[PDB]
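In what follows, a structure is listed as C-alpha cells, so that the remarks can point back to it.
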Amino acid sequence: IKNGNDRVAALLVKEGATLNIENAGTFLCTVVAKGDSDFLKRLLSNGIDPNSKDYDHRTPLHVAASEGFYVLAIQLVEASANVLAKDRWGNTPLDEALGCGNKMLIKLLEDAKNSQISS
Amino acid sequence: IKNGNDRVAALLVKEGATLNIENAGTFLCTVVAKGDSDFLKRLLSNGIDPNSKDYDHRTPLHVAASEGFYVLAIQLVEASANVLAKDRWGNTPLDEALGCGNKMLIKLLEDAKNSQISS
Amino acid sequence: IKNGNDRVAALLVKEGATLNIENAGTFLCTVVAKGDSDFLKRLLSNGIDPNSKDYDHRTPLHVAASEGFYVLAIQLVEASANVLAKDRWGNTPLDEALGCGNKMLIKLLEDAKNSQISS
C-alpha cells in the first residue's frame with residue numbers, strides 16, 4: 001500500500017489478507033493530519049475500521065473536522081463512519097466541525113447527521 | 001505520472017523531460033474537480049505552470065476556492081501561484097473564496113494576499 | 001532502549017548521540033496508555049524533551065492526568081515540562097486532573113503545578 005503497489009495489493013486481498021496495525025486509532029488520525037488522500041483511500045478499501053478510537057477516544061472524523069479538510073472527509077462519510085460519536089470530554093464530530101466554522105462542511109455534516117438519523 | 005511510477009518519472013526529468021499537453025489550463029482544473037491530491041502533487045513536481053488559464057480565463061485557483069478544497073489550496077500556492085488574478089467577468093481568487101464562505105480558507109487567502117502584496 | 005539494554009545506550013550517548021524521532025509528541029503520549037513505566041523511565045535518561053505534543057496539541061501530562069496515574073505522573077512531573085498548557089480543546093492539564101478525581105494524586109499534581117508555576 002505505501003510503496004504505490006496497488007496492483008499487487010489486489011492479489012493479496014483476493015487470496016485473503018488483512019493488515020494488522022497497532023495504535024490503529026491514532027495511526028489513521030496521523031495520516032489525516034498529514035493531508036494525503038490517495039494513501040488514505042487505498043487503505044480504506046482494505047477493510048480498516050473508520051471508527052477506530054485513539055488513546056484519547058478520538059475518531060478520525062474529529063481530525064478532519066478540526067482541520068477543516070473537506071475532501072478527506074468525503075471518503076470517511078462514504079465508509080458508513082459514525083457521526084454521532086463523542087470526544088474524551090464530549091463533543092460530536094458535527095458539533096466540532098460547526099464549532100470551528102465551515103459553511104460548506106456544515107451542509108455535509110448536516111447530511112451525514114440526517115443519514116445517521118434516518119439510519 | 002498517471003500510473004504513479006514516480007521512480008521512473010524522476011529518472012526522465014534528470015535525463016531531460018517535460019509535460020507537452022494541449023489545453024494545460026483546462027486539464028489542470030478538471031483534475032482539481034476530481035479531488036485527487038497525489039496525482040495533482042506529482043504534476044507540479046515536473047514544473048507545470050499552476051497559473052495556466054482555461055478557455056474561459058480560469059486559473060486552477062478559482063476551481064479549488066469555489067469548491068472548497070483546503071488541502072489542494074496549500075499545494076497550489078506552494079508553487080508561487082498568482083493570487084491576484086481575475087475571472088472572465090472579473091473576480092479575484094480570494095474574493096471568490098470569500099464569496100463562497102470559509103473562515104479557514106479566508107485566513108489562508110489573506111496570507112496569500114499578504115504574500116502577493118509583499119512580493 | 002526497546003531491548004532493555006542501557007549499556008549500549010550509555011556508550012552511544014557518550015559519543016554524541018541524539019534521540020530524534022518523527023512525531024515525537026504522538027509517541028510520547030501513547031506509551032503511557034500501555035503503562036510501560038520501565039520503558040518510560042529509561043526514556044528520560046537520554047535527554048529527550050518531554051514537552052512535545054501530538055496533533056491535538058496534547059502533552060503527555062494531559063493524557064496522564066486523564067488516565068489517572070500516580071507513579072507515572074510523578075516521573076513526568078519531575079521532568080519539569082510546563083505546568084498548564086492550553087490544548088486544542090482549550091482545557092488546561094491542571095483542570096483535567098481535577099476533573100478526573102484522584103484526590104490522593106490531585107493534591108500532588110496541584111503541588112507540582114504550583115511549584116512549576118512558582119519557578
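Each chain in the C-alpha cells gets a letter, A, B, ..., in the order shown, and its residues are numbered from 1; ligands are numbered from 1 in order too.
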Where does chain A end up after superposition onto chain C over all in-order Cα pairs? Give it as a compact mmCIF listing (two decimals) with N, CA, C and O atoms, in the first residue's frame.
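Produced file result.txt, reproduced below:
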# COMPACT_ATOMS: atom_id res chain seq x y z
N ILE A 1 17.49 0.99 23.53
CA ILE A 1 16.54 1.31 24.60
C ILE A 1 15.43 0.27 24.66
O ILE A 1 15.07 -0.20 25.75
N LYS A 2 14.88 -0.11 23.51
CA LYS A 2 13.72 -1.00 23.50
C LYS A 2 14.09 -2.41 23.95
O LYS A 2 13.31 -3.05 24.66
N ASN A 3 15.26 -2.90 23.55
CA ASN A 3 15.64 -4.29 23.77
C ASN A 3 16.34 -4.51 25.11
O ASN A 3 17.01 -5.53 25.30
N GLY A 4 16.21 -3.57 26.04
CA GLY A 4 16.78 -3.73 27.36
C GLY A 4 18.27 -3.51 27.45
O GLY A 4 18.85 -3.77 28.51
N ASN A 5 18.91 -3.03 26.39
CA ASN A 5 20.35 -2.79 26.40
C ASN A 5 20.66 -1.40 26.94
O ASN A 5 21.21 -0.53 26.26
N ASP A 6 20.29 -1.19 28.20
CA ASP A 6 20.56 0.09 28.86
C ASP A 6 22.05 0.32 29.01
O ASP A 6 22.52 1.46 28.90
N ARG A 7 22.82 -0.74 29.25
CA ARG A 7 24.27 -0.61 29.37
C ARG A 7 24.88 -0.08 28.08
O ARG A 7 25.76 0.79 28.11
N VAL A 8 24.44 -0.60 26.93
CA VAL A 8 24.98 -0.17 25.65
C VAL A 8 24.64 1.29 25.39
O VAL A 8 25.47 2.06 24.88
N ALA A 9 23.41 1.70 25.72
CA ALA A 9 22.98 3.07 25.46
C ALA A 9 23.82 4.08 26.24
O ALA A 9 23.90 5.25 25.85
N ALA A 10 24.44 3.65 27.34
CA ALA A 10 25.28 4.56 28.12
C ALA A 10 26.49 5.01 27.32
O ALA A 10 26.92 6.16 27.42
N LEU A 11 27.08 4.10 26.53
CA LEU A 11 28.25 4.47 25.74
C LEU A 11 27.88 5.41 24.60
O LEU A 11 28.65 6.32 24.26
N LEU A 12 26.71 5.20 23.98
CA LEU A 12 26.32 6.02 22.84
C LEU A 12 26.12 7.48 23.24
O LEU A 12 26.58 8.39 22.54
N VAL A 13 25.43 7.71 24.36
CA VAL A 13 25.25 9.09 24.82
C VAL A 13 26.57 9.68 25.29
O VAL A 13 26.80 10.89 25.14
N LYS A 14 27.45 8.86 25.87
CA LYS A 14 28.76 9.35 26.27
C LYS A 14 29.58 9.77 25.06
O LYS A 14 30.27 10.80 25.10
N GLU A 15 29.53 8.99 23.98
CA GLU A 15 30.22 9.35 22.75
C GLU A 15 29.45 10.35 21.90
O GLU A 15 29.99 10.84 20.91
N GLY A 16 28.21 10.66 22.27
CA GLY A 16 27.41 11.63 21.54
C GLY A 16 26.37 10.98 20.64
O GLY A 16 26.69 10.52 19.54
N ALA A 17 25.12 10.96 21.10
CA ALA A 17 24.03 10.40 20.32
C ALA A 17 22.72 10.99 20.82
O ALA A 17 22.62 11.44 21.97
N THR A 18 21.72 10.98 19.95
CA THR A 18 20.40 11.51 20.28
C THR A 18 19.39 10.89 19.34
O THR A 18 19.53 10.99 18.12
N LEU A 19 18.36 10.25 19.90
CA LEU A 19 17.33 9.63 19.09
C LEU A 19 16.46 10.70 18.43
O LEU A 19 16.15 11.73 19.03
N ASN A 20 16.07 10.44 17.18
CA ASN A 20 15.18 11.32 16.43
C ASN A 20 13.90 10.55 16.13
O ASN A 20 13.95 9.49 15.50
N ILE A 21 12.77 11.08 16.58
CA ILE A 21 11.49 10.41 16.49
C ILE A 21 10.52 11.29 15.72
O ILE A 21 10.32 12.46 16.08
N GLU A 22 9.91 10.74 14.68
CA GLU A 22 8.82 11.39 13.97
C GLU A 22 7.52 11.13 14.71
O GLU A 22 7.31 10.04 15.26
N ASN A 23 6.64 12.13 14.73
CA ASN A 23 5.41 12.10 15.52
C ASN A 23 5.74 11.89 17.00
O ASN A 23 5.08 11.11 17.70
N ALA A 24 6.77 12.59 17.48
CA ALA A 24 7.20 12.43 18.86
C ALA A 24 6.13 12.88 19.84
O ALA A 24 6.09 12.41 20.99
N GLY A 25 5.25 13.78 19.41
CA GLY A 25 4.18 14.23 20.29
C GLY A 25 3.23 13.11 20.68
O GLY A 25 2.85 12.98 21.85
N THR A 26 2.84 12.28 19.71
CA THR A 26 1.95 11.16 19.99
C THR A 26 2.70 9.88 20.32
O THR A 26 2.12 8.98 20.94
N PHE A 27 3.98 9.77 19.93
CA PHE A 27 4.76 8.59 20.29
C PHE A 27 4.93 8.48 21.80
O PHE A 27 4.80 7.39 22.36
N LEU A 28 5.22 9.60 22.47
CA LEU A 28 5.30 9.59 23.92
C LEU A 28 3.94 9.30 24.55
O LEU A 28 3.85 8.56 25.54
N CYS A 29 2.88 9.87 23.98
CA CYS A 29 1.54 9.67 24.54
C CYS A 29 1.11 8.21 24.42
O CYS A 29 0.47 7.67 25.33
N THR A 30 1.44 7.56 23.30
CA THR A 30 1.08 6.16 23.12
C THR A 30 1.76 5.28 24.16
O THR A 30 1.16 4.33 24.68
N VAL A 31 3.03 5.57 24.48
CA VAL A 31 3.73 4.82 25.52
C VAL A 31 3.04 4.98 26.86
O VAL A 31 2.90 4.03 27.63
N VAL A 32 2.59 6.20 27.17
CA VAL A 32 1.86 6.44 28.41
C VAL A 32 0.58 5.62 28.45
O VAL A 32 0.23 5.04 29.48
N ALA A 33 -0.14 5.55 27.32
CA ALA A 33 -1.35 4.75 27.26
C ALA A 33 -1.06 3.27 27.48
O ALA A 33 -1.89 2.55 28.04
N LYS A 34 0.11 2.80 27.04
CA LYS A 34 0.47 1.40 27.26
C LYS A 34 0.63 1.09 28.74
O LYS A 34 0.21 0.02 29.20
N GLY A 35 1.22 2.01 29.50
CA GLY A 35 1.38 1.85 30.93
C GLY A 35 2.77 1.45 31.38
O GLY A 35 3.02 1.45 32.59
N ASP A 36 3.66 1.10 30.46
CA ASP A 36 5.01 0.72 30.84
C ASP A 36 5.75 1.90 31.45
O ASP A 36 5.65 3.03 30.98
N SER A 37 6.50 1.62 32.52
CA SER A 37 7.22 2.65 33.26
C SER A 37 8.72 2.64 33.00
O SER A 37 9.33 3.70 32.84
N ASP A 38 9.34 1.45 32.97
CA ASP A 38 10.78 1.38 32.75
C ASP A 38 11.16 1.91 31.38
O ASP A 38 12.15 2.65 31.24
N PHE A 39 10.39 1.56 30.35
CA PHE A 39 10.67 2.06 29.00
C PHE A 39 10.53 3.57 28.93
O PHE A 39 11.35 4.25 28.30
N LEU A 40 9.50 4.12 29.58
CA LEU A 40 9.33 5.57 29.60
C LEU A 40 10.47 6.26 30.35
O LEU A 40 10.94 7.32 29.92
N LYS A 41 10.91 5.68 31.47
CA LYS A 41 11.97 6.29 32.25
C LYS A 41 13.29 6.33 31.48
O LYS A 41 14.01 7.33 31.52
N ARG A 42 13.62 5.24 30.79
CA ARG A 42 14.92 5.15 30.12
C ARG A 42 15.03 6.18 29.00
O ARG A 42 16.08 6.82 28.84
N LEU A 43 13.97 6.34 28.21
CA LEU A 43 14.02 7.32 27.13
C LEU A 43 14.03 8.76 27.65
O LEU A 43 14.58 9.64 26.98
N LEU A 44 13.44 9.00 28.82
CA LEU A 44 13.43 10.35 29.38
C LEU A 44 14.84 10.82 29.73
O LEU A 44 15.16 12.00 29.55
N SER A 45 15.69 9.91 30.21
CA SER A 45 17.07 10.26 30.54
C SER A 45 17.92 10.57 29.31
O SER A 45 19.03 11.07 29.46
N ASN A 46 17.42 10.28 28.11
CA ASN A 46 18.16 10.51 26.88
C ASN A 46 17.96 11.91 26.32
O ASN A 46 18.50 12.22 25.25
N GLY A 47 17.19 12.76 27.00
CA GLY A 47 17.00 14.13 26.57
C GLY A 47 15.76 14.39 25.74
O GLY A 47 15.66 15.47 25.15
N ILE A 48 14.82 13.45 25.68
CA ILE A 48 13.58 13.68 24.94
C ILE A 48 12.77 14.76 25.64
O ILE A 48 12.75 14.86 26.87
N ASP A 49 12.10 15.59 24.85
CA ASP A 49 11.31 16.69 25.40
C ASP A 49 10.03 16.14 26.01
O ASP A 49 9.23 15.51 25.30
N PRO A 50 9.79 16.35 27.31
CA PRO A 50 8.53 15.87 27.91
C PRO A 50 7.31 16.67 27.50
O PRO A 50 6.19 16.18 27.68
N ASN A 51 7.49 17.87 26.95
CA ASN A 51 6.38 18.72 26.54
C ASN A 51 6.09 18.62 25.04
O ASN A 51 5.57 19.58 24.45
N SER A 52 6.43 17.50 24.42
CA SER A 52 6.14 17.31 23.00
C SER A 52 4.64 17.32 22.76
O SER A 52 3.88 16.67 23.49
N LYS A 53 4.22 18.06 21.74
CA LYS A 53 2.81 18.22 21.42
C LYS A 53 2.44 17.34 20.23
O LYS A 53 3.16 17.30 19.23
N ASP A 54 1.33 16.63 20.36
CA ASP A 54 0.86 15.74 19.30
C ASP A 54 0.14 16.56 18.23
O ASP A 54 0.19 17.80 18.21
N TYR A 55 -0.53 15.88 17.30
CA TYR A 55 -1.26 16.57 16.25
C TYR A 55 -2.41 17.40 16.80
O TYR A 55 -2.81 18.39 16.18
N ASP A 56 -2.95 17.02 17.95
CA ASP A 56 -4.07 17.71 18.56
C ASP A 56 -3.66 18.60 19.73
O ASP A 56 -4.51 18.98 20.54
N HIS A 57 -2.37 18.94 19.83
CA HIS A 57 -1.84 19.79 20.90
C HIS A 57 -2.15 19.18 22.27
O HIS A 57 -2.88 19.74 23.10
N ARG A 58 -1.58 18.00 22.49
CA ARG A 58 -1.79 17.23 23.71
C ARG A 58 -0.43 16.78 24.25
O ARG A 58 0.20 15.88 23.69
N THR A 59 0.00 17.41 25.34
CA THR A 59 1.22 16.98 26.01
C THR A 59 0.97 15.64 26.71
O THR A 59 -0.17 15.32 27.06
N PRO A 60 2.02 14.83 26.91
CA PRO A 60 1.84 13.55 27.61
C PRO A 60 1.28 13.69 29.02
O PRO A 60 0.86 12.68 29.60
N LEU A 61 1.26 14.89 29.59
CA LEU A 61 0.67 15.08 30.92
C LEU A 61 -0.83 14.79 30.90
O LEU A 61 -1.37 14.25 31.87
N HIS A 62 -1.51 15.16 29.81
CA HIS A 62 -2.95 14.94 29.73
C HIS A 62 -3.30 13.46 29.77
O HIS A 62 -4.26 13.06 30.43
N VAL A 63 -2.52 12.63 29.07
CA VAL A 63 -2.82 11.20 29.02
C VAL A 63 -2.70 10.58 30.41
O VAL A 63 -3.56 9.80 30.83
N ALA A 64 -1.63 10.92 31.13
CA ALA A 64 -1.47 10.40 32.49
C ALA A 64 -2.56 10.91 33.41
O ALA A 64 -3.09 10.16 34.24
N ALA A 65 -2.91 12.19 33.29
CA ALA A 65 -3.96 12.76 34.14
C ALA A 65 -5.32 12.15 33.82
O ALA A 65 -6.09 11.82 34.74
N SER A 66 -5.64 12.00 32.54
CA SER A 66 -6.94 11.44 32.16
C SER A 66 -7.06 9.98 32.58
O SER A 66 -8.12 9.56 33.07
N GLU A 67 -6.00 9.20 32.41
CA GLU A 67 -6.03 7.79 32.76
C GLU A 67 -5.89 7.55 34.26
O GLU A 67 -6.09 6.41 34.71
N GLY A 68 -5.57 8.57 35.04
CA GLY A 68 -5.40 8.41 36.47
C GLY A 68 -4.09 7.80 36.90
O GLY A 68 -3.95 7.44 38.07
N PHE A 69 -3.12 7.67 35.99
CA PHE A 69 -1.83 7.09 36.34
C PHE A 69 -1.07 8.03 37.27
O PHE A 69 -0.95 9.23 36.99
N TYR A 70 -0.55 7.49 38.37
CA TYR A 70 0.12 8.28 39.39
C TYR A 70 1.64 8.19 39.27
O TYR A 70 2.32 9.22 39.20
N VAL A 71 2.18 6.97 39.25
CA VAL A 71 3.63 6.80 39.18
C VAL A 71 4.17 7.30 37.85
O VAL A 71 5.25 7.89 37.78
N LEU A 72 3.42 7.08 36.76
CA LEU A 72 3.87 7.53 35.45
C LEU A 72 3.94 9.05 35.35
O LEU A 72 4.66 9.56 34.49
N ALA A 73 3.22 9.77 36.20
CA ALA A 73 3.30 11.23 36.24
C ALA A 73 4.41 11.74 37.14
O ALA A 73 4.73 12.93 37.08
N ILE A 74 5.00 10.88 37.98
CA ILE A 74 6.07 11.32 38.87
C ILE A 74 7.31 11.68 38.07
O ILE A 74 7.97 12.70 38.33
N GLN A 75 7.67 10.86 37.07
CA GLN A 75 8.83 11.17 36.25
C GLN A 75 8.59 12.40 35.39
O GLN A 75 9.51 13.20 35.17
N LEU A 76 7.36 12.58 34.90
CA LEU A 76 7.05 13.72 34.04
C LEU A 76 7.23 15.04 34.79
O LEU A 76 7.83 15.98 34.26
N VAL A 77 6.72 15.11 36.02
CA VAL A 77 6.89 16.33 36.80
C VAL A 77 8.32 16.47 37.30
O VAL A 77 8.74 17.58 37.67
N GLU A 78 9.09 15.38 37.33
CA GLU A 78 10.50 15.44 37.70
C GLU A 78 11.39 15.90 36.56
O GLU A 78 12.57 16.18 36.80
N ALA A 79 10.86 15.99 35.34
CA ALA A 79 11.62 16.45 34.18
C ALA A 79 11.32 17.90 33.83
O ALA A 79 11.59 18.33 32.70
N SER A 80 10.76 18.66 34.78
CA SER A 80 10.42 20.07 34.58
C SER A 80 9.45 20.25 33.41
O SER A 80 9.54 21.23 32.66
N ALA A 81 8.53 19.31 33.26
CA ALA A 81 7.50 19.43 32.24
C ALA A 81 6.50 20.52 32.61
O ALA A 81 6.18 20.73 33.79
N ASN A 82 5.99 21.21 31.59
CA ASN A 82 5.04 22.28 31.82
C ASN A 82 3.72 21.73 32.36
O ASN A 82 3.22 20.70 31.89
N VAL A 83 3.17 22.42 33.35
CA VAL A 83 1.91 22.02 33.95
C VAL A 83 0.79 23.02 33.68
O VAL A 83 -0.38 22.70 33.92
N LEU A 84 1.11 24.22 33.18
CA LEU A 84 0.11 25.23 32.87
C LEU A 84 -0.24 25.28 31.38
O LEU A 84 -0.61 26.34 30.87
N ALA A 85 -0.15 24.15 30.69
CA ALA A 85 -0.44 24.10 29.26
C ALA A 85 -1.95 24.04 29.05
O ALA A 85 -2.75 24.15 29.99
N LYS A 86 -2.37 23.87 27.79
CA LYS A 86 -3.78 23.80 27.45
C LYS A 86 -3.97 22.76 26.35
O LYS A 86 -3.05 22.44 25.60
N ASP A 87 -5.19 22.25 26.26
CA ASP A 87 -5.54 21.25 25.26
C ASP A 87 -5.93 21.95 23.95
O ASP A 87 -5.77 23.16 23.80
N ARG A 88 -6.45 21.18 22.99
CA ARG A 88 -6.90 21.76 21.73
C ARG A 88 -8.04 22.74 21.95
O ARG A 88 -8.06 23.84 21.39
N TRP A 89 -9.02 22.35 22.77
CA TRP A 89 -10.12 23.24 23.12
C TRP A 89 -9.82 24.10 24.34
O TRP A 89 -10.61 25.00 24.64
N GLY A 90 -8.72 23.84 25.03
CA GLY A 90 -8.36 24.62 26.21
C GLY A 90 -8.67 23.90 27.50
O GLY A 90 -9.82 23.89 27.96
N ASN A 91 -7.65 23.29 28.11
CA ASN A 91 -7.82 22.57 29.37
C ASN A 91 -6.45 22.38 30.00
O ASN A 91 -5.57 21.77 29.39
N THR A 92 -6.27 22.91 31.21
CA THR A 92 -5.01 22.75 31.91
C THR A 92 -4.82 21.29 32.33
O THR A 92 -5.79 20.61 32.67
N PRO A 93 -3.58 20.80 32.31
CA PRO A 93 -3.34 19.42 32.80
C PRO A 93 -3.79 19.21 34.24
O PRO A 93 -4.30 18.14 34.57
N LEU A 94 -3.60 20.21 35.10
CA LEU A 94 -4.11 20.12 36.46
C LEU A 94 -5.63 20.09 36.48
O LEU A 94 -6.23 19.33 37.25
N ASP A 95 -6.27 20.91 35.65
CA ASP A 95 -7.72 20.91 35.57
C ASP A 95 -8.24 19.58 35.03
O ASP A 95 -9.26 19.06 35.50
N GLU A 96 -7.56 19.01 34.03
CA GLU A 96 -7.97 17.72 33.49
C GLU A 96 -7.87 16.63 34.54
O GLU A 96 -8.75 15.77 34.64
N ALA A 97 -6.79 16.64 35.34
CA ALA A 97 -6.67 15.68 36.43
C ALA A 97 -7.76 15.90 37.47
O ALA A 97 -8.34 14.94 37.99
N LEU A 98 -8.06 17.16 37.80
CA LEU A 98 -9.12 17.46 38.75
C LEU A 98 -10.49 17.08 38.20
O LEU A 98 -11.36 16.64 38.96
N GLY A 99 -10.70 17.26 36.89
CA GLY A 99 -11.98 16.91 36.31
C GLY A 99 -12.29 15.43 36.40
O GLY A 99 -13.42 15.04 36.69
N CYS A 100 -11.28 14.59 36.16
CA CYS A 100 -11.48 13.14 36.28
C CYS A 100 -11.80 12.75 37.72
O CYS A 100 -12.67 11.90 37.96
N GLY A 101 -11.11 13.35 38.68
CA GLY A 101 -11.35 13.07 40.09
C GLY A 101 -10.32 12.14 40.70
O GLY A 101 -10.40 10.92 40.53
N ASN A 102 -9.35 12.71 41.40
CA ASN A 102 -8.32 11.91 42.08
C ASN A 102 -7.75 12.75 43.21
O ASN A 102 -7.02 13.71 42.95
N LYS A 103 -8.08 12.39 44.45
CA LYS A 103 -7.60 13.16 45.60
C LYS A 103 -6.08 13.10 45.71
O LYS A 103 -5.43 14.12 45.99
N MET A 104 -5.50 11.92 45.50
CA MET A 104 -4.04 11.79 45.58
C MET A 104 -3.36 12.58 44.48
O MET A 104 -2.34 13.24 44.72
N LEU A 105 -3.90 12.53 43.26
CA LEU A 105 -3.29 13.26 42.15
C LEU A 105 -3.52 14.76 42.27
O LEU A 105 -2.72 15.55 41.75
N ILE A 106 -4.59 15.18 42.94
CA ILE A 106 -4.86 16.60 43.11
C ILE A 106 -3.76 17.26 43.93
O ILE A 106 -3.30 18.36 43.61
N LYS A 107 -3.33 16.60 45.01
CA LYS A 107 -2.24 17.13 45.82
C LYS A 107 -0.94 17.21 45.01
O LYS A 107 -0.21 18.20 45.10
N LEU A 108 -0.65 16.17 44.23
CA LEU A 108 0.53 16.20 43.37
C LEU A 108 0.41 17.29 42.31
O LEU A 108 1.39 17.99 42.02
N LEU A 109 -0.77 17.44 41.72
CA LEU A 109 -0.98 18.50 40.74
C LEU A 109 -0.87 19.88 41.38
O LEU A 109 -0.31 20.80 40.78
N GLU A 110 -1.39 20.03 42.60
CA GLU A 110 -1.28 21.31 43.30
C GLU A 110 0.18 21.65 43.59
O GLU A 110 0.59 22.81 43.45
N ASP A 111 0.97 20.65 44.00
CA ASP A 111 2.40 20.89 44.22
C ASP A 111 3.10 21.26 42.92
O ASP A 111 3.95 22.15 42.90
N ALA A 112 2.74 20.59 41.82
CA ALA A 112 3.30 20.95 40.52
C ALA A 112 2.89 22.36 40.11
O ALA A 112 3.69 23.13 39.58
N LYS A 113 1.62 22.72 40.36
CA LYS A 113 1.16 24.07 40.06
C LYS A 113 1.88 25.09 40.94
O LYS A 113 2.23 26.18 40.47
N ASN A 114 2.09 24.76 42.21
CA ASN A 114 2.82 25.67 43.10
C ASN A 114 4.26 25.85 42.63
O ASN A 114 4.79 26.97 42.67
N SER A 115 4.91 24.77 42.18
CA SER A 115 6.26 24.88 41.66
C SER A 115 6.30 25.75 40.40
O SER A 115 7.21 26.56 40.23
N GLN A 116 5.32 25.58 39.52
CA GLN A 116 5.24 26.41 38.32
C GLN A 116 4.99 27.87 38.69
O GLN A 116 5.57 28.78 38.09
N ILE A 117 4.11 28.11 39.67
CA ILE A 117 3.85 29.47 40.12
C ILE A 117 5.11 30.08 40.73
O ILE A 117 5.45 31.24 40.46
N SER A 118 5.82 29.32 41.56
CA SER A 118 7.06 29.81 42.14
C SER A 118 8.12 30.04 41.07
O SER A 118 8.85 31.04 41.12
N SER A 119 8.21 29.13 40.10
CA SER A 119 9.17 29.23 39.00
C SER A 119 10.60 29.36 39.51
O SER A 119 11.08 28.53 40.28
Name the residues of chain A that come out as helix (DSSP H, G or I) in a backbone DSSP run; write them as a VMD selection string.
-> chain A and resid 6 to 15 24 to 34 38 to 44 60 to 67 71 to 78 93 to 100 103 to 118
